[PDB]
There are 2 protein chains.
Amino acid sequence: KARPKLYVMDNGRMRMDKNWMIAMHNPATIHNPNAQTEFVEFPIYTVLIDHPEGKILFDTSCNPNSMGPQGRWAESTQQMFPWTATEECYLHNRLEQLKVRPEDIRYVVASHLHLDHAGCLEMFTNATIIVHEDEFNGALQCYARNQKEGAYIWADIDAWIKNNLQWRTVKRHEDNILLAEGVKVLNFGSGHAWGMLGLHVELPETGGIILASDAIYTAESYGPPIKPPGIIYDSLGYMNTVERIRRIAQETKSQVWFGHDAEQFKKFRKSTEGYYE
Amino acid sequence: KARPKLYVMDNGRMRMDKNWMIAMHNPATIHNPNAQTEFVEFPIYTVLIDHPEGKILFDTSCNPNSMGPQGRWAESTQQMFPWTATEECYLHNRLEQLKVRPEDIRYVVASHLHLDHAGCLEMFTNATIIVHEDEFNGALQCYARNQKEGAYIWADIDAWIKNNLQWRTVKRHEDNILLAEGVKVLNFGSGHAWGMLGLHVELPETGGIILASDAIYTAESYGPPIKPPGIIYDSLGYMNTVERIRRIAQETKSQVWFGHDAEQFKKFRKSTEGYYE
Ligand SMILES: CCCC(=O)N[C@H]1CCOC1=O
Ligand SMILES: CCCC(=O)N[C@H]1CCOC1=O
Ligand SMILES: [Co+2]
Ligand SMILES: [Co+2]
Ligand SMILES: [Fe+3]
Ligand SMILES: [Fe+3]
């Protein structure tokens, strides 16, 4: 029958230029030539699926040692994308509170390898890390070219390699993957980043849930109409992916969980209050 | 053997949010959370090639009845993308000063069908209008859907149809087109817009010139590295096109004439001073 529990874990808050999230949200005009943007706050979160076939983790938030003078993040990154989180927000702690040790995780699904999703991959040395092959390649290049700024953290990648993580790459033209009963990895491909993965979870009580991650930032992104983010890798791929998610949602009667929607996140039942069955 | 003359015609100035031109040019930070943008000015220009095989026109600037309360442009468009031009800047007049009547143009190459490139297509009823099939399709849909805002001017398209222009669409996968001796239409495809066309001109005295139009806004866009515009239709297509242009430039020892580079345009010899042979 399979009766898993799905947990939403609060991994703190991030701020950044609204223009990153919604491209040209407030363009300058003849009467407002020096138009001002805003510095919006949004949640960073991860999802644990306590499944009888094994524990599945979607995204891993930011590394505890990201911010500060001795942080892994470049100063420019910290100033443009500041992450704030109490100690109880760290992924290791959120898992501990559920009496889950990193070594208990069978599968980690990395939606992508941005600094706010792949922060703690290095913990799960007993898991198979599932990632898009193009995203993996892209990140490894950033590392090889000794890129010290941008959304791919050199020090994080460094740790992945040293900790000898076990990778299973999703091929560009690879079908969706049945990870477990009612759990499907969605191959979104290029869009927001080089290679995006999603989850479709079918819960006996709650029903269908799509984890879109950064494929869809917020409800505003989702529309319709679609309001794309400030910087995109593959604009065409991004638009296709959103509409693909909308279709799947309609066809399977599934909720869509956005990557960084403050309003939606407030309404989630977090790991401090319970779970979804 | 062919000894054409190429004219750069000044069709006025436009202003818009700098973020349109260079995506995230000045992102908000923790110390500057309400970062301000700028309202940059840039030139609108067209190119006439007086060729023995016939007169070739690249782009057609804006329509004279674009701006104002009884203008073709929507109010929001006028406020975000204001076009300023004296009467001598109108395309019809620039051509007249060269003793060229619209009926004298054999070929018009529409780089794309944005408001600042396809403004005056409706004049050239005696020409073959060369346009990318995807761009044409895109514009005709805006018309059919009665889209009154955006970069595709309903009234302009209306006039094209009423004036019974003769179209030659460049197919998505169509090779470059030899328009005349030393004049080649470059199929850039999707990028900035649905379908971008460029021109490669080989001048006996001046040598190779690539007309990039909005494939490359400015020298800053060109880099390297590449700094893409704020809104893009096909980001992947855009990046490839830029690098394709760089390659062609290097392989053929050609100058690259950007779409809206104030500095570059300053240095051009305009139709009021002469031409390029
Ligand atoms: C795409 C570069 C900007 C970036 O990395 N943004 C972060 C903030 C939250 O979602 C993200 O991916
Ligand atoms: C796509 C950005 C909005 C737009 O159409 N801008 C115009 C002004 C400069 O050349 C353009 O393409
Ligand atoms: Co991301
Ligand atoms: Co344009
Ligand atoms: Fe993110
Ligand atoms: Fe333009």
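Note on naming: letters A, B, ... go to the chains in the order of the sequence lines (proteins, then strands), and numbering restarts at 1 for each one.
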Give the C-alpha distance, both sets of side-chain angles, the deciding distance and a yes or no for ring pair (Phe, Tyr, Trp, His ring centres under 6.0 Å) between B:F124 and B:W160. CA-CA 9 Å; B:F124 308 102; B:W160 307 341; over 10 Å; no
Please evaluate residues B:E149 and B:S76 with respect to the criterion side chain to side chain donor-acceptor pair (under 3.5 Å), reporting the C-alpha separation (whole Å), side-chain torsions for both, the decisive distance (0.1 Å), and the verdict. CA-CA 7 Å; B:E149 300 187 318; B:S76 58; 2.9 Å; yes
For a side-chain contact (heavy atoms from CB on, under 4.5 Å) check, start with the C-alpha distance between B:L98 and B:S271, then their side-chain angles and the critical distance, and finish with the verdict. CA-CA 8 Å; B:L98 301 179; B:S271 57; 4.1 Å; yes
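Between B:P102 and B:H92, the closest heavy-atom pair is CG-CD2, 3.9 Å. Nearest heavy-atom pair, A:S235 versus A:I232, reported as atom, atom and distance to 0.1 Å: N-CG2, 3.4 Å. Listed here is the closest heavy atom pair of B:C120 and B:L91: CB-CD2, 3.9 Å. Minimum heavy-atom separation, A:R244 to A:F188: NH1-CA, 3.7 Å.
The neighbour count for A:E263 CD, taken as heavy atoms of other residues, nucleotides or ligands under 6.0 Å away, does not exceed 12. Within 6.0 Å of CD in B:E251 there are more than 12 heavy atoms belonging to other residues, nucleotides or ligands. Other residues, nucleotides and ligands contribute at most 12 non-hydrogen atoms within 6.0 Å of the NZ atom of B:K184. Counting heavy-atom neighbours within 6.0 Å of B:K227 NZ, excluding the residue itself, gives a total of 12 or less. Counted within 6.0 Å of CD on B:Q97, heavy atoms from surrounding residues, nucleotides or ligands total 12 or fewer; the atom is thus considered open. No more than 12 heavy atoms of other residues, nucleotides or ligands lie within 6.0 Å of CZ in B:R3, so this atom counts as exposed by the packing criterion. Within a 6.0 Å radius of CZ in B:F39, more than 12 heavy atoms belonging to other residues, nucleotides or ligands are found. For B:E273, the CD atom is loosely surrounded, since the number of other residues' heavy atoms within 6.0 Å does not exceed 12.
At least one side-chain heavy atom of B:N187 sits under 4.5 Å from a side-chain heavy atom of B:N176. Contact of the A:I30 side chain with the B:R15 side chain is registered, since non-hydrogen atoms from C-beta on lie closer than 4.5 Å. Counting heavy atoms from C-beta outward, A:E133 and A:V170 have side chains that stay 4.5 Å or more apart. Residues B:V8 and B:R269 have side chains not in contact (no heavy-atom distance under 4.5 Å, counting atoms from C-beta outward).
Only one option out of B:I49, B:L178, B:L203 pairs with B:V183 in a side-chain contact (heavy atoms from CB on, under 4.5 Å); it is B:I49. For the side-chain contact (heavy atoms from CB on, under 4.5 Å) criterion with B:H51, the lone passing option out of B:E181, B:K5, B:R106 is B:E181.
Here B:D104 does not pair with B:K55 in a salt bridge; the nearest charged N to carboxylate O distance is not below 4.0 Å. Looking at B:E174 and B:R168, a side-chain N of the basic residue comes within less than 4.0 Å of a carboxylate O on the acidic one, giving a salt bridge. B:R72 has a carboxylate O that lies under 4.0 Å from a charged side-chain N of B:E122, or vice versa, which qualifies the two as a salt bridge.
In this structure, a donor-acceptor pair under 3.5 Å is present between the side chains of B:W73 and B:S66.
Relative orientation of the B:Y275 and B:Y7 rings is perpendicular, given thresholds of 30° and 60° on the angle between their planes.
A distance of 12.5 Å separates NZ in B:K253 from CD in B:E202, rounded to the nearest 0.5 Å. Considering CD of A:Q36 and CG of B:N32, their distance stands at 8.5 Å, rounded to 0.5 Å. From B:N164, atom CG reaches atom OG1 of B:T125 across 9.0 Å, with rounding to the nearest 0.5 Å. Taking CG of B:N19 as the start and CD1 of B:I231 as the end, the distance is 10.0 Å to the nearest 0.5 Å.
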Which atom pairs, one a donor and one an acceptor, fall under 3.5 Å between side chains of residues 211-219 of chain B and the rest of the protein, sequence neighbours left out?
| from | atom 1 | to | atom 2 | distance (Å) |
| --- | --- | --- | --- | --- |
| B:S213 | OG | B:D59 | OD2 | 3.4 |
| B:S213 | OG | B:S111 | OG | 2.9 |
| B:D214 | OD1 | B:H117 | NE2 | 3.3 |
| B:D214 | OD1 | B:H260 | NE2 | 2.9 |
| B:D214 | OD2 | B:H112 | NE2 | 3.0 |
| B:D214 | OD2 | B:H117 | NE2 | 3.0 |
| B:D214 | OD2 | B:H192 | NE2 | 3.2 |
| B:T218 | OG1 | B:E220 | N | 3.2 |
| B:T218 | OG1 | B:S221 | N | 3.3 |
| B:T218 | OG1 | B:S221 | OG | 3.4 |

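Applying the ring pair (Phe, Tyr, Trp, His ring centres under 6.0 Å) rule to pairs touching residues 129-155 of chain B yields B:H114-B:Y152, B:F136-B:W167, B:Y143-B:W154, B:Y152-B:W194, sequence neighbours excluded.
Every residue meeting the ring-ring contact (aromatic ring centres under 6.0 Å, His included) condition with B:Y45, not counting sequence neighbours, appears here in chain and number order: B:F265, B:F268.
For B:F81 and B:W20, the distance between ring centers is under 6.0 angstrom.
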